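Encoded as structure tokens, the following chain is the form deposited in one PDB entry, with no partner shown.
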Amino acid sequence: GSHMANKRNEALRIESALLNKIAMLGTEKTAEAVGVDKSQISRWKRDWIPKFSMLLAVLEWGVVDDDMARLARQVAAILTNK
């Protein structure tokens, strides 16, 4: 048996993956590549990765048809003259 993916579990899955990628590369090495101090990469793990992770998880659900039709109408309105 299994349960379907849900957003909070996906956020946890993504946070784990992100933190592991930083650890495998190395915090100082990641800092050097990003262009901030290692103290920033270190602190971001606490201050931003949780937020970044929930945003990425929500984005995994994409756009449902109803919502896409609404966006298309809105954007088409902007791209229609007069």
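Residues that one form lacks are left out of the comparison. Just count from 1 along the sequence shown to find any residue number. The term rigid core refers to the maximal set of C-alpha atoms that superpose within 1.5 Å between the two forms.
Enquirer: Look over 62-70 and 5-13 in the entry and identify the one with the greater average Cα temperature factor.
Expert: It is 62-70 that shows the higher mean C-alpha B-factor.
Enquirer: When the C-alpha temperature factors are averaged for each of 40-48 and 26-34, which stretch ends up with the higher value in the entry?
Expert: Taking the mean B-factor of the alpha carbons in each, 26-34 is higher.
A second form of this protein, the form deposited in another entry, is not displayed here; the remarks below concern that form.
Enquirer: After superposing on the rigid core, which residue out of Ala23, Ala17, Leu71, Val58 has its C-alpha displaced by 2 Å or more between this form and the one not shown?
Expert: With the rigid core superposed, the residue that stands out is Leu71.
Enquirer: Your call: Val63 and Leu18 CA atoms, closer or farther in the other entry versus the shown structure, by 3 Å or more?
Expert: Between the C-alphas of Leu18 and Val63, the gap narrows in the other entry (3 Å or more compared with this form).
Enquirer: What direction does the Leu71-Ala11 Cα distance move in the other entry compared with the shown chain, closer or farther, given a change of 3 Å or more?
Expert: Compared with the shown chain, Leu71-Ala11 is closer in the other entry.
Enquirer: Where the Cα shift reaches 2 Å or more for at least three residues in a row, which ranges qualify between this form and the one not shown on a rigid core fit?
Expert: Moving stretches, in sequence order: 38-41, 61-82.
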